[PDB]
Amino acid sequence: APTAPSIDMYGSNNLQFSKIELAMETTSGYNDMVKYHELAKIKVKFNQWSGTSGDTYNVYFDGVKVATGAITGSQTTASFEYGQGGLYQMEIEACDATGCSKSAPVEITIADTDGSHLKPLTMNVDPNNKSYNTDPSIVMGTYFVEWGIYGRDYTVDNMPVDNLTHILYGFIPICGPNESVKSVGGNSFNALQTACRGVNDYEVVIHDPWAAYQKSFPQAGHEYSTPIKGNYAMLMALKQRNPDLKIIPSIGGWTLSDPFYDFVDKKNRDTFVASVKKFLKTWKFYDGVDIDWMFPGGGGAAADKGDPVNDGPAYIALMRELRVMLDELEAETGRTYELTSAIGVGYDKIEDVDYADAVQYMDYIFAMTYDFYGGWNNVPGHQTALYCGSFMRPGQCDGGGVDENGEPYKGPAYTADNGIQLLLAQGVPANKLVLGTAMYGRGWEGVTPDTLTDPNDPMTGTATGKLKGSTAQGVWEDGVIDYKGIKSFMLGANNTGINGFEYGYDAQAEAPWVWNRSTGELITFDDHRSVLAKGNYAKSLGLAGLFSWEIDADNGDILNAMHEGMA
Ligand SMILES: CC(=O)N[C@@H]1[C@@H](O)[C@H](O[C@@H]2O[C@H](CO)[C@@H](O[C@@H]3O[C@H](CO)[C@@H](O[C@@H]4O[C@H](CO)[C@@H](O)[C@H](O)[C@H]4NC(C)=O)[C@H](O)[C@H]3NC(C)=O)[C@H](O)[C@H]2NC(C)=O)[C@@H](CO)O[C@H]1O
């Protein structure tokens, strides 16, 4: 037998290889920054500085032969390709006529976007998040936002993953018309332009590559040489920790829906669908696709867009086409992929789509049963109520009555049940509907007692403007506040109200509020009681389960109540 091969670690790139190349120190176009390979190029060097080198080598991964070639001289380079990610015990064998000798086993790392090379993620979850034995068949979803790692300081390892079936990752942009992005500020439009350089219109990209895959997280063991970092590497590790968990990219959202309006042309859908397939092959930790178009027929961020004739049919066609594409992926991989959508529940949004048609291709509809009322005007109301509140006029709930000016209502009032019933009325099965819970409040100021028509219902008052405050109190935008902020600064330990605020609950609507009489500050949100009511409602109707926006804003109370309501 010849001399046993000795691995040259430096000449073998410390045995670290990757199926994906990701730019870490620059920012450029998506296709410039991200290069995915179906086969990793492996290059291992070994030495035989004494005795006979032999004639032939064999490379083994966990005892399975993966390469073979010739040995010449004391130095040998073994170049081959390998397509499965993970950690393998590598042995290199040298053979001649007299026999074979093997190197000592050493670990080789081949990175892939399924996280197979990564150890399961260690968590840092707020202990206020409780442990539950909820039926795994019940949907328990939430949104994790890409930008939450900044001011909100909320990272993947903070998620109460044991209390979730679905993580929706917001948001994936589509290259093309995106004027609505400018309303965000923070240089987000320019960031999108950069990402889209070298990318065709209607193809998906990553908006924030720093957050997505570049940022080094010490809790995930990231270092300079780590081939995948950021939120994505952490989500990959999360898949290893919780194998039954579904992680789904959310495409669009309020600010990134503009390109959807061009899906009336099938050519644009074709381009999009193909890009999504590429995206799911590149990022293997993702378990499907979620479409967040706000909204078919219009009424979204872009006032100049919306086609009530063609948008709904395009939406249905998109779902059909996405399902065909996902079926291709299922055939190629043996995996199961999910197709979902978050949708508006206002009567004027629901009416623009035949969801009975669309839903045949879909696993779930995430019914966005919030944002019913808010700081966009000075009219108080329950933003996420199950039913019509006491503040509503007779006939307002169903929409058959008349407003202040004598003008008839144009449709049923904005409530969760009104939305759900409209979807059911179309023929959508209840077991595909997921009910939305809010982990945030919307709010006003100047709703002082004198503005109220009913003195002990602040929802009958009138605002002077939006709720204002600091990010310390969870106010990231005027008129919007994190639930955990409401709890910390308005509710207090026993939900009795602090800092001039009082707690109230509309039993008719199933909706809480906090009201400061002196400042006129009023906040509408979901709390333990209303979320219990939502869970009991979801069970009674046989809905698929519950979902929420956004997990960073919860302190545990809301997700806790979601589980307790579905018990
Ligand atoms: C029932 C019904 O039809 N109601 C309508 C309301 O939906 C509508 O109010 C609008 O509601 C959407 C959904 O909640 C909301 O969209 C959110 O917008 C914020 C910014 O305002 C986004 O958060 C930002 O995201 C960017 C990236 O895009 C981040 O960089 C930025 O840091 C984030 N800013 C903050 C403060 O966190 C959210 O991502 C986005 N949510 C979703 C789900 O996409 C709009 O803001 C609401 N519009 C207004 C004007 O308030 C209402 C008004 O149009 O009309 C009702 O009829």
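Counting starts at 1 for both ligands and their atoms, following the listed order. Numbers here simply count residues along the sequence, with the first being 1. All values below come from the heavy atoms of this structure, side chains included, with hydrogens, waters and symmetry mates left out.
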Treating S341 as the side-chain partner and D292 as the backbone partner, does any N or O pair qualify as donor plus acceptor under 3.5 Å?
no
Pi-cation contact, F295 with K349 (under 6.0 Å, within 45°)
yes
Would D554 and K487 pass as an ion pair if we require N to O under 4.0 Å?
no
At a 4.0 Å threshold, what atoms of ligand 1 neighbour a non-hydrogen atom of [X]?
X    : result
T255 : 27 (C), 28 (O)
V184 : 26 (C), 27 (C), 28 (O), 29 (C), 30 (O), 31 (C)
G253 : 44 (O)
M294 : 13 (C)

Among all protein non-hydrogen atoms, which one is nearest to atom 32 (O) of ligand 1, and what is the separation to 0.1 Å?
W147 CD1, 3.9 Å
Starting from atom 3 (O) of ligand 1, which protein heavy atom do you reach first, and at what distance in Å?
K349 NZ, 2.9 Å
Under 4.0 Å, counting heavy atoms only: does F171 come that close to any atom of ligand 1?
yes
Short N/O distance, under 3.5 Å, between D371 and ligand 1?
yes
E477 N/O under 3.5 Å from ligand 1 N/O
yes
Sole residue of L235, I251, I248 in side-chain contact (heavy atoms from CB on, under 4.5 Å) with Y169
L235
Polar side chain donor-acceptor pair, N378 to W444, under 3.5 angstrom:
no
Heavy-atom distance to atom 54 (O) of ligand 1: which of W254, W549, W376 wins?
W254
Shortest reach to atom 34 (N) of ligand 1 by a heavy atom, considering only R442, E550, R152:
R152
Report the relative orientation of the aromatic rings in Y387 and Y537; use parallel for angles under 30°, tilted for 30 to 60°, perpendicular for over 60°.
perpendicular
Between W283 and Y232, is the ring centre distance below 6.0 Å?
yes
